[PDB]
Structures are given as structure tokens and as C-alpha cells.
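Okay, here we've got a single chain as C-alpha cells, the form deposited in one PDB entry, with questions on binding and movement later.
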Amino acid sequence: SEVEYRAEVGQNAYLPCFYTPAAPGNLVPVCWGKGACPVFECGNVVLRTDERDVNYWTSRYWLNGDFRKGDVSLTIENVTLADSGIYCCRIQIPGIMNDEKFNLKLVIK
């Protein structure tokens, strides 16, 4: 079968996502959203690293990796059954013409 990530209710979920940063160590940012990656964006935004982002410090969505170095892996804390589904991790470096799209499948039981 196909690639899966799992967590039990209450646990943290760890969904991997990487890209190659082309310096000067500036935020070439991520769109993390609920749903398979659509054509242009990243679905229902869960964490978007720009100026439109709101209430980061209170949400359950974390970039606890070395993201300036390209580790934009998501950690969702204290997961529920509702958190099951597909996540889109999209890297728009503008920058480069071809976006980096990743669908990550999370299963919660």
C-alpha cells in the first residue's frame, strides 16, 4: 500500500516535509493545509509562514524543525480523530518556477 503516518488520540503527529533552501537564509515559506495539494495553494490553511498567519503561539500546528535549513516538517500536538486526513505541504520559492508539493496521509485512531 501507500505511505502513511499515524498517531493515537492525544499524541503528537509528525508529518515530514523538506526542501533545499537557496540562501541568503531568508524564509522561502511553507503552506501547510488540510486536503490533497490543489493546483495553486495548499488547501484549508493550517500553518502558513507569512504575514497573513494568525495566532501562531496558540495553535496546535508547529514547525519545530530547522526550517531556515529546509526542515519544514509539521508537528500537530494533542491530535483528535478529526485531524485524520491528507495534508498538503507546499513550498513556493519565488524564486523557482516549479513548486514543491507533498501530500502526507495522517491516520488517527
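The first residue of the sequence shown is number 1, and the count goes up from there. What we label the rigid core is the largest C-alpha set whose atoms superpose within 1.5 Å from one form to the other. Residues that one form lacks are left out of the comparison.
Not pictured, yet referred to below: the form deposited with a small molecule bound.
Using a 4.5 angstroms threshold between heavy atoms, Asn26 stays clear of the small molecule in the entry with it bound. In the entry with it bound, none of the heavy atoms of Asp66 sits within 4.5 Å of a heavy atom of the small molecule. When the small molecule is considered in the entry with it bound, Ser59 lines it closely, a heavy atom lying within 4.5 Å. None of the heavy atoms of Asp50 is located within 4.5 Å of the small molecule in the entry with it bound. Core-superposed comparison between this form and the one not shown: the Cα of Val54 travels 2 Å or more. The rigid-core alignment places the CA of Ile86 less than 2 Å apart between this form and the one not shown.
With the core held fixed, the Cα of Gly95 is displaced between this form and the one not shown by 2 Å or more. Expansion of the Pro21-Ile96 CA spacing by 3 Å or more is recorded in the entry with it bound, set against this form. Distance between the C-alpha atoms of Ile96 and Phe67: longer in the entry with it bound than here (change of 3 Å or more). Every Cα shifting by 2 Å or more, across three or more consecutive residues, marks a moved region; comparing between this form and the one not shown on the rigid core, these regions are 50 to 58, 95 to 97.
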